[PDB]
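# Structural overview for review
Residues per chain are reported as follows:
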Amino acid sequence: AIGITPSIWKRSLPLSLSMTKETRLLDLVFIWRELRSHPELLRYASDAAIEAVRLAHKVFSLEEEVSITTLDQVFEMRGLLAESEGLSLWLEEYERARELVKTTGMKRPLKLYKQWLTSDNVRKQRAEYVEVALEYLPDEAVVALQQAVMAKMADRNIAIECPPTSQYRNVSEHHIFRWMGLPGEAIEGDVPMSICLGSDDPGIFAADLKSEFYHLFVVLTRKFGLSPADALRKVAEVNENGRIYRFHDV
Amino acid sequence: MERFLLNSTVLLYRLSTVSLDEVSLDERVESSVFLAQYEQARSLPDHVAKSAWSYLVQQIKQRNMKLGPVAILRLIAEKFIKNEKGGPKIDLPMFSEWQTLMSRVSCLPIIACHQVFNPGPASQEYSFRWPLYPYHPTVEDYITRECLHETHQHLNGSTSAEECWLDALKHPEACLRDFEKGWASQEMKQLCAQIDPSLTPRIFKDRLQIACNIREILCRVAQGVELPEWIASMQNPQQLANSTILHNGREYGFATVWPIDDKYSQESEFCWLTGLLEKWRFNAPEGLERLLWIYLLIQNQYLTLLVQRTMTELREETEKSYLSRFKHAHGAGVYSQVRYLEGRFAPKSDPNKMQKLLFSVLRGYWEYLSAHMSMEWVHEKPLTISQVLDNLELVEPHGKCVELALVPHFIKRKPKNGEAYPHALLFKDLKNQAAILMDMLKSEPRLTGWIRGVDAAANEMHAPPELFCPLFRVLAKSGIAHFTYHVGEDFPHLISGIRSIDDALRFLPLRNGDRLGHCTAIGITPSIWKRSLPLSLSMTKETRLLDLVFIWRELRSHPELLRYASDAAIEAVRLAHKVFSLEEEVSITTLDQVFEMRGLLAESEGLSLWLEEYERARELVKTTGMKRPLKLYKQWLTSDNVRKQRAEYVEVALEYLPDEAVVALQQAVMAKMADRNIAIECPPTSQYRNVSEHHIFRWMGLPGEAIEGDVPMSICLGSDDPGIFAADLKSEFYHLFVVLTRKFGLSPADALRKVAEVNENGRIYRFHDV
Amino acid sequence: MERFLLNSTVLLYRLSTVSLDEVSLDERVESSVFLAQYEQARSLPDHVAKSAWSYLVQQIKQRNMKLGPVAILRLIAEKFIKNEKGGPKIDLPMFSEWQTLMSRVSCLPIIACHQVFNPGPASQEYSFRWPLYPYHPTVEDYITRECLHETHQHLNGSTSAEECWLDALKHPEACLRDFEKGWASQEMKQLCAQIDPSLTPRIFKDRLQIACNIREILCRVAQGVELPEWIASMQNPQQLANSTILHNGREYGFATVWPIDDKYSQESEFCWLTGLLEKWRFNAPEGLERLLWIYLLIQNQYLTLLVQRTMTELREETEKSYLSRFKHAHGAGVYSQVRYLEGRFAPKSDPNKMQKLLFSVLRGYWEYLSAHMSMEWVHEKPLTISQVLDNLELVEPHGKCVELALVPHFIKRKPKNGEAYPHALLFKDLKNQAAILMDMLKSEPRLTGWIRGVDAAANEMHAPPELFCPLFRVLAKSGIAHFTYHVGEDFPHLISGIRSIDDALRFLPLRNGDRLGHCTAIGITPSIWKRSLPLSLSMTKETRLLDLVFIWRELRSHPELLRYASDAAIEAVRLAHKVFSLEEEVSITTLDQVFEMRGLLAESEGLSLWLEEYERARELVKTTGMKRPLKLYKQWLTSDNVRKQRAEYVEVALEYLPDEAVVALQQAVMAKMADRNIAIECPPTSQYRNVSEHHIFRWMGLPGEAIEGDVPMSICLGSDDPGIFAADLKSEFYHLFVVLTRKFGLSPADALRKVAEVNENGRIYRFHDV
Ligand SMILES: [Zn+2]
Ligand SMILES: [Zn+2]
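Residues numbered from 1 in each chain as written, not as in the entry; some residues may be left out. Chains lettered and ligands numbered in written order. Part of a larger assembly, values for the part shown. Heavy atoms only, no water.

Method of determination, as given in the entry header: cryo-EM; reported resolution: 2.11 Å.

The name given to chain B in the PDB entry is Adenosine deaminase, and the organism recorded there is Escherichia coli. Under its PDB header, the title given for this structure is "Structure of RdrB from Escherichia coli RADAR defense system".

The name the PDB entry assigns to chain A is Adenosine deaminase, from the organism Escherichia coli.

## Some details on the overall build of chain A
To be explicit about the condition: By the criteria applied, helices consist of DSSP H or I runs no shorter than four residues and strands consist of E runs no shorter than two, each listed in order from the N terminus. Accessible area is worked out with a 1.4 Å probe on protein chains only. A residue is then buried under 20% of its type maximum, exposed over 50%, and partly exposed in between. Areas reported here follow the Shrake-Rupley algorithm with a probe of radius 1.4 Å; residue values treat only the protein chains shown as occluding. Under the counting rule used here, the positive set is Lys and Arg, the negative set is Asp and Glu, and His together with the chain ends is not counted. For the purpose of locating charges, the reference atoms are NZ of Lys, CZ of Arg, CG of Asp and CD of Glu.
Along the backbone of chain A there are 11 helices and four strands. Its C-alpha atoms give chain A principal-axis dimensions of about 65 × 50 × 35 Å. Within chain A, the proportion of its 250 residues that are buried is 40%. Here chain A has roughly 14,400 Å² of accessible surface; of this, 53% comes from carbon and sulfur atoms. Averaging the locations of the 31 positively and 37 negatively charged side chains of chain A gives two centres separated by 2 Å.

## Brief notes about the relation of the copies chain C and chain B
Our working definition: Copies of the molecule are overlaid using a least-squares fit to their C-alpha atoms.
Of the two same-sequence chains, chain C is brought onto chain B (RMSD 0.0 Å, axial shift 0.0 Å) by a rotation of 120°. Here the transformation between the copies is reduced to the relation of a three-fold axis. In terms of C-alpha distance to the rotation axis, chain C has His398(C) as its closest residue, with the C-alpha 6.5 Å off the axis.

## Some points on the coordination of the zinc ion (ligand 2)
All names here are of chain C. Rules: Coordinating N, O and S atoms are those within 2.8 Å of the metal (3.2 Å for Na, K and Ca), and as water is not part of the atoms, a site may appear to have fewer donors than expected. Think of it this way: with four donors and all angles in the 85 to 135 degree range, the site is tetrahedral; with four or six donors, opposite ones beyond 155 degrees and the rest between 65 and 115, it is square planar or octahedral; otherwise it is irregular.
Distances from the zinc ion (ligand 2) to its protein donors, namely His152 (NE2), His154 (NE2), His486 (NE2) and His518 (NE2), fall within the range 2.2 to 2.3 Å. What the four donor atoms of the zinc ion (ligand 2) show is an angle range of 80 to 150° at the metal, which sorts the shape as irregular. Take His154: its relative accessible area is 16%, and that puts it in the buried class.

## Side note on the interface of chain C and chain A
Operational definition: Here, two residues are considered to be in contact whenever any of their heavy atoms come within 4.5 Å of each other. When two parts are brought into contact, each loses some accessible area as probed by a 1.4 Å sphere; the total of that loss over both is the buried area. One speaks of a salt bridge when a side-chain nitrogen belonging to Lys or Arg is within 4 Å of a carboxyl oxygen belonging to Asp or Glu. What qualifies as a polar contact is a pair of N or O atoms within 3.5 Å, subject to a donor-acceptor requirement within protein and to the restriction that residues adjacent in sequence count only when both atoms come from side chains.
On the side of chain A, 13 residues touch chain C, which itself brings 14 residues to the contact. The contact between chain C and chain A buries some 1,300 Å² in all, and 52% of this surface belongs to carbon and sulfur atoms. It is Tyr55(C), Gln58(C) and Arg689(C) that lose the most area in chain C upon contact with chain A, and together they represent 43% of the buried surface on that side. Summed over the shared surface of chain C and chain A, the result is zero salt bridges. Scanning the region where chain C abuts chain A turns up four residue pairs in polar contact.

## Things to note about the coordination of the zinc ion (ligand 1)
Protein-derived ligands of the zinc ion (ligand 1) are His152(B) (NE2), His154(B) (NE2), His486(B) (NE2) and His518(B) (NE2), with the metal-ligand distances lying across 2.2 to 2.3 Å. In this structure, the zinc ion (ligand 1) is coordinated by four donor atoms arranged in irregular fashion, with angles at the metal of 80 to 150°.

## Notes on a nonpolar patch on the surface
Note the threshold: Like charges within 9 Å and nonpolar side chains (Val, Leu, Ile, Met, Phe, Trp, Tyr) within 5 Å are joined into patches, using only residues over 30% in relative accessible area that form no salt bridge.
Where nonpolar side chains cluster on the molecular surface, the patch consists of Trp90(A), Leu91(A) and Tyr94(A) and spans about 330 Å² of accessible area. Summarising the element assignment, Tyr94(A) is placed in helix α4 (residues 91-94).

## What about unusual backbone geometry?
In this model, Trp130(B) is joined to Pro131(B) through a cis peptide bond whose omega is -10°. As for its position among the elements, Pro131(B) is in the loop between α7 (107-117) and α8 (137-146). Here the phi dihedral of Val23(C) falls at roughly 65°; this positive angle occurs in a residue that is not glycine. Within the secondary structure, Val23(C) sits in the loop between α2 (9-17) and α3 (26-40).

## A look at the sheet that holds strand β3 (residues 148-150) of chain C
Sheet strands pair via backbone hydrogen bonds, and the direction of the pair is either parallel or antiparallel. All names here are of chain C. Applicable threshold: Only strands that DSSP links by at least two bridges are regarded as paired with each other. Comment: axis = line fitted to C-alpha atoms, over the contacting stretch for helices; angle = value between 0 and 180 degrees taken between N-to-C directions.
Sheet architecture is open: three strands sit in the order β3-β6-β7, paired in parallel fashion. Because the sheet does not close on itself, it has two edges, and the strands there are β3 and β7 (403-408). Direction aside, neighbouring strands of the sheet carry axes that sit 15° apart on average. The pairing of β3 with strand β6 (residues 338-345) spans three bridges and is classified as parallel. Looking across to β6, one finds that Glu150 is bridged to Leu341. Along the sheet, helix α16 (residues 321-329) makes contact with β6 and β7, crossing β6 at roughly 150°. Contacts between helix α17 (residues 351-370) and the sheet are confined to β6 and β7, with β7 contributing the most and set at about 165° to the helix.

## Overview of the environment of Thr20(A)
Residue and element names in this part refer to chain A. Residue position: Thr20 is located in strand β1 (residues 16-20). Spatially, the C-alpha atoms of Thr20 and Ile4 are 22 Å apart, while their sequence positions differ by 16 residues. Leave out the neighbours within four places in its chain, and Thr20 touches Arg126, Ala127, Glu128, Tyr129 and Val130.

## A few points about helix α31 (residues 729-743) of chain C
Residue and element names in this part refer to chain C. Operational definition: Any helix carries an expected span of 1.5 Å times its number of residues minus one.
A rise of 1.5 Å per residue sets the reference length of α31, with its 15 residues, at 21 Å; its end C-alpha atoms lie 21 Å apart and thus fit the reference within 8%. Here α31 lies mainly inside the structure; 12 of its 15 residues are buried. Taken residue by residue, α31 has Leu729, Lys730, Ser731, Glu732, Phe733, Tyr734, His735, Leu736, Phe737, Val738, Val739 and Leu740 as its buried positions. Backbone geometry just downstream of α31 places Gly745 in the positive-phi region, at approximately 75°.

## Thoughts on the interface of chain C and chain B
Worth spelling out the cut-off: Under the convention adopted here, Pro, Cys and the residues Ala, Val, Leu, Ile, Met, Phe, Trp and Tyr are nonpolar, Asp, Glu, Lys and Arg are charged, and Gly plus all remaining residues are polar.
Contacts between chain C and chain B engage 17 residues on the former and 20 residues on the latter. Regarding the contact of chain C and chain B, the summed buried area is about 1,400 Å², with carbon and sulfur atoms giving 51% of it. Put simply, chain C and chain B have three salt bridges between them. In this structure, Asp141(C) and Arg763(B) form a salt bridge, with 2.6 Å as the shortest nitrogen-oxygen distance. Linking chain C with chain B are three residue pairs in polar contact, by the criterion used here. It is helix α8 (residues 137-146) of chain C that contributes the most residues to the side of chain C that touches chain B, five residues altogether. Classifying every residue of the side of chain C that touches chain B by side-chain character gives seven nonpolar, five polar and five charged.

## Some words on the nonpolar core
Put simply, the rule reads: In plain words, nonpolar cores are sets of buried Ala, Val, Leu, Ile, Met, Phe, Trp, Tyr and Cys residues tied together by side-chain atoms within 4.5 Å.
Core analysis: the biggest nonpolar cluster contains 261 residues, and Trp98(C), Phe468(C) and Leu516(C) have the highest contact counts within it. Beyond its immediate sequence surroundings of up to four residues, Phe468(C) is in contact with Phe410(C), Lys412(C), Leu430(C), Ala456(C), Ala463(C), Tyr485(C) and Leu508(C). In this structure, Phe483(B), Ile501(B), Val586(B) and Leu632(B) belong to the second largest nonpolar core, which totals 257 residues.

## Things to note about the sheet that holds strand β7 (residues 403-408) of chain B
Residue and element names in this part refer to chain B. In spatial order, the strands read β3-β6-β7; together these three strands make up an open sheet with parallel pairing. Only two strands of the sheet have a single partner each, and these edge strands are β3 (148-150) and β7. Adjacent strand axes in the sheet meet at a mean angle of 15°, parallel and antiparallel pairs treated alike.

## A word on the environment of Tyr295(C)
Residues and elements named next belong to chain C. Locating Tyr295 in the fold gives a position in helix α14 (residues 286-308). With relative accessibility at 0%, the residue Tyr295 sits in the buried group. Along the sequence, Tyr295 and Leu12 sit 283 residues apart, while their C-alpha atoms lie 9.1 Å from each other. Residues contacting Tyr295, with those up to four places away along its chain left out, are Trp165, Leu169, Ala211, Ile214, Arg215, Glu269 and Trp272.

## Quick word on the environment of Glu319(C)
Tracing the backbone shows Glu319(C) in the loop between α15 (311-314) and α16. The sequence separation of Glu319(C) and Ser360(C) amounts to 41 residues, and the corresponding C-alpha distance is 4.6 Å.

Given below as structure tokens:
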């Protein structure tokens, strides 16, 4: 999602895509969170906030007023174990909710999250479907969200295993090249992200890590015009990322 | 300085009160002229006026004339009118000054003087025609090829103020009846005091009678008929205030015989004036010249009062005023000057009167067409709307004649002291008028091909756009295509006007190709909008709160105006706190929710074709999260405390928002209008010294007038000048051309392109049936 | 996802095979929908489809509807159609999606559903009209002022595919006859398998009969007539495959009484569908709703097959199809929407049939004109072409109605196994057709004012342009002004298409103002021409050699492409070495000499009006130095070895020439076209995902689509969409306007200017008599 461009992500897709209300609300909250500080995307942030409050109004069947701030509070508690205190080694996260229920000001987020978890009406509304326009956010805004997630990943030093894989006609349109920073594929505000290699091709017989390495080398040398040395450097950086971020015991 | 001798309350009073044998009135004409100039054009620096008057006397004395109407008219005619090509025309460099003069003086005496003292070739028999235009071959060729399109004609009925003078003389007692029924109104008392302090209905009547009697007497001398004996008894102009004069024991009437059957027609007036000036070519009797002066002064005063403003209008409910309207829109040639004419009329609350008005309009149109094409007319003498429509169905849109599109008005009135909700009784009267219109359209479906549009004109502040939304929706379904609504004309604040335009956009059912109206609030610059205005303007709390919400909505996303958006939000929450007498906390978000429901019918569910918007509120009341907006809106509609607080007043600084922020709001509304493809009918109109400062040029994109972030908006033309006599669509087209060519330096071709784009917008956004 | 419930082979098979009392078919409708989506739009990522179907069921269930044709049609109508101004229209933002939908679904059921569940004002009596357009005042004003011009109308005869459905129902046995006579053809077997694998003529016939019977039954319920008793016996939709149903011992017919005289007319279809949906407004019987579903599916499948494709065409040889054609080109108003219409028809090999077709066309045109003007018609009832021409001579080009220009086709067929020279028998059949045409023009010289042009359409690869040059020259002398020839549509390689256009330019007798055709090869970019193509494309050796010679000719003078020119020359010499089985040395110069003689008639001198080109070769054989070119061309024409080698195949790399070189060739052909003032009729059409990638925008010069060295080429418009039902010139004009305004960001005025230039090119390069 953070490698595919909005340009080549909507190529044979219907002008309206239907999702679940829970995903729609969470997406609106995420848009607000990430575009609050963007001076050029404040309109989109505000519209996302307004739509999020509205959709929360039915999803929760709320009669009162719920602000985007308290919606954010509610949705930051998704990491809590459901059956902790609101519904040996497991003891820590059994009580992890106790700190939350101790905070005197965490009332309405807590009860709202409990409705989100247990209420049959809220669960039916969560499974409900709603339509979203393909151009709900412009390409610029989608790229801004992608680059924000990129920056988060780079800051936390989280690597991305990228094997070669529906909307790509040719392999030269793959997002691995955008991540590797090839001219014409990288976008202005991109951030390097420590891509690692993986031998996983969904629709091929008899694939190998060497096969994918050679495929990347061939694409780089023939379609991007890179010399063998430069192409080898680019593929080797990803391959070495595999070793740097290996899980093996040191 | 010549205008002050033909339009002056002081001069009229003096001349009408002193005896006709006084003689030697130069001192007093001069003093009254200076008083009139101080009252009307105060900014003359007190010595330019002295010098201008000295030059005027010098010209009169050198040319061996006497200070009087004949000399003044001769000077004006030599200065403005010539002969070129066909008939008299106005100088291109002098047309602007001529228009300013027409705002004070009637053109017919001047044209008569021109025809007498400087006639054109004695081969083109001149038939009087108003108004006088300049000549430019490019403009004439463009008019001949494309014709002119009228989209805004609703000012004095739809006729020029100059035929209203003769209509008043024809129906003096109808005019007196209207004046009295309306002089009880304060608005009117103030207006009468501001024009002529000691006017009153009685002197109004006396002045009308004096004008009629003077017209009769001067017709006698124009024909040269024997000066009847009772003229000797006539010594003091006040004697003419009455229907008869008493010479010795007997009461003689002033009436005489007139050549033309209609003695109150502008042709008759022109003939009489031409004869009088021909007889007085070399000199005139002092008393009769003073009578002519008094007649001209009375006419000009009446026209001033009329332009600055039901029954006299009812008298335009025959197939005569409309026939003259169509003949006038058509030029003097075979092919009409005006192609697509929009005809706006007030809808009547009586079905009979409505059928009446519509039959009159349609039959006048049919007669006009019959005078320009020959065809089998089915009913040679239509008597009913059905027969007139049978006749009109045969007319093809060849383009020879005018094509009519009728648009009923909707007059908005101020809310009254006690009603269920604001503008309840107004919404009612509109409901009954719309019901009559819909029953008409039913009983005659063919009337949908001639009634194309419902415009809501009248004062902006008296009813907001959100009140007309249910009516416009219901009419849309009853078969009324195209909608119009006056917005941005008069506003307590520029932000208020911009907000009104935005509310009209986002509440009215305006479809693609619809037109709004003047929309002055998004054309006038903040620089030239606060030029003689107090540093603080007072508005109503409801307008203040809505303006703050609008500012927040439009400047949320502006990185450079976030401070103003935040302050607007905070002030909006505060003002809502008293207006609603709320104890709890209301956010700007819920305020926005509350104020997006203004388009709902008040008596829908919170207080056949009407069923849809009777239940339109049910969706709102179904949404579980729309509680507090709903109850708050109900308080806004019904609560007596909230209504009193809404009518309360609060002060706002003139620089509450900087020029940059106001322009940003204007450009946001511009972008909305361009996106929805809504056109703006812009006629020429308080803060503009010169016509070159008009916002039409900003909209047209002239360098030095357009602002960086402006958006084109599809301006259409309209012949509506509030303060002129005898204006026309051709006159306004020529005025725009003259301003563009002389003040903006544009070549004739470029100026013609710019004016033609607006004119063609009239055709593109016409309401006529295709 | 709604399109897969109205156009689906799997759904049709399932619904037509299971009993009418099965009930509860949701699982299966869903599974068949996913199969249809995988078969048709494969690129949906397998979960977007799941979600879309879930949303569809959610909408149906919330609005208390049952999964079926009524619900699907209601959803589509609410989503696409409204009421604005006059009659229903499509959203401007939704028009592109509506066009894509029209490529799969018929519009009449959707318009009926809109008229039932969301009618406009009850004052505009709606008469069904196809297709549905969007509304924009600028476009409507432009159409009213300038009208639209049709230069390319040759796709399904000249009628939309939607009336062909009713024509098939009217003549089921004619349609069955055509299907069988053509199902023996391989091309057709492959097409039928690719659309519906198990189609066969027998199920074709059964489906037509089922559609007819369902139409009769549903007409009964639309009128509400007593549900005849034999409906109970009807249990399985296959029972409707036959002309009669057997209830108990008896055979009952399905026919009933119909209100309108023509029960197979689109008005009758609309009336029946409107009545059915009105009766089923709230619910419908499951069995009858399934019958309606099956009818819609059968209609859509038939239309898909028809659009993706003699006798049924012969049945359009009356003065009915042409009269409807002209009435449809004319709008609903007094003045025609289409001004200059080019009418293209296949020339018949029988003089009787040709006279027949032409009398039908001319009489339909005369009837259309008689329905719009009143004049002394000489022969009130013309019976012969001479009488119809006597009638038509009185018609002036005022502009009220359409003006017809007839253009006979020339269908090119693939060369056969054994003939004297390639396309000998084809050139023959063309010769006989041209002879018939010339004898017609002789026996009636006035027919030259109505037959203006000989177009050669059909598949490009089946006959090269050089074959038609003698025919076009002879016709030019027989009195046929203007010539047209399809080029650049389908090519084995982009270089091959560009070469074909160049050959057409330099061999056909195209004069100033002539038009070529699609010319896609010089509009499609090399970037978007190789998107799903194999890295190697195989062509014939003759095309390969000609392409190499063309590359050399065009890149000789290019300093940056000299390497490609030299390689092309070397490869051309090599390939000529086997193709000609030459032992000696042949240079590229003599190869060029050989291949410039392709315009010569084969049987001239190397193998009355025809005399000129019979001897045209004598000049060549006179030139002493033209030996080896002549003998080589004779080998090229006659030698069996050379002909076998010509039909041989060879592989060419997709990147044989770089994008730069291909663009250089395209721009060279562009420059040739601009110099010779040859226009390009560009209708909207495999490698384009979205319409914004069409080459018409490159030709129009939009930023981001035009290439640096492009040359304007006088593009004209044409209403020819290969894969849509119910398309129109107005529809394509609006589609171009919508794309320009929404995808390229152009203002309405700029977009209108760009589309208007192409439209006006249609008038400038019209073939009509001046
Ligand atoms: Zn107005
Ligand atoms: Zn074609």
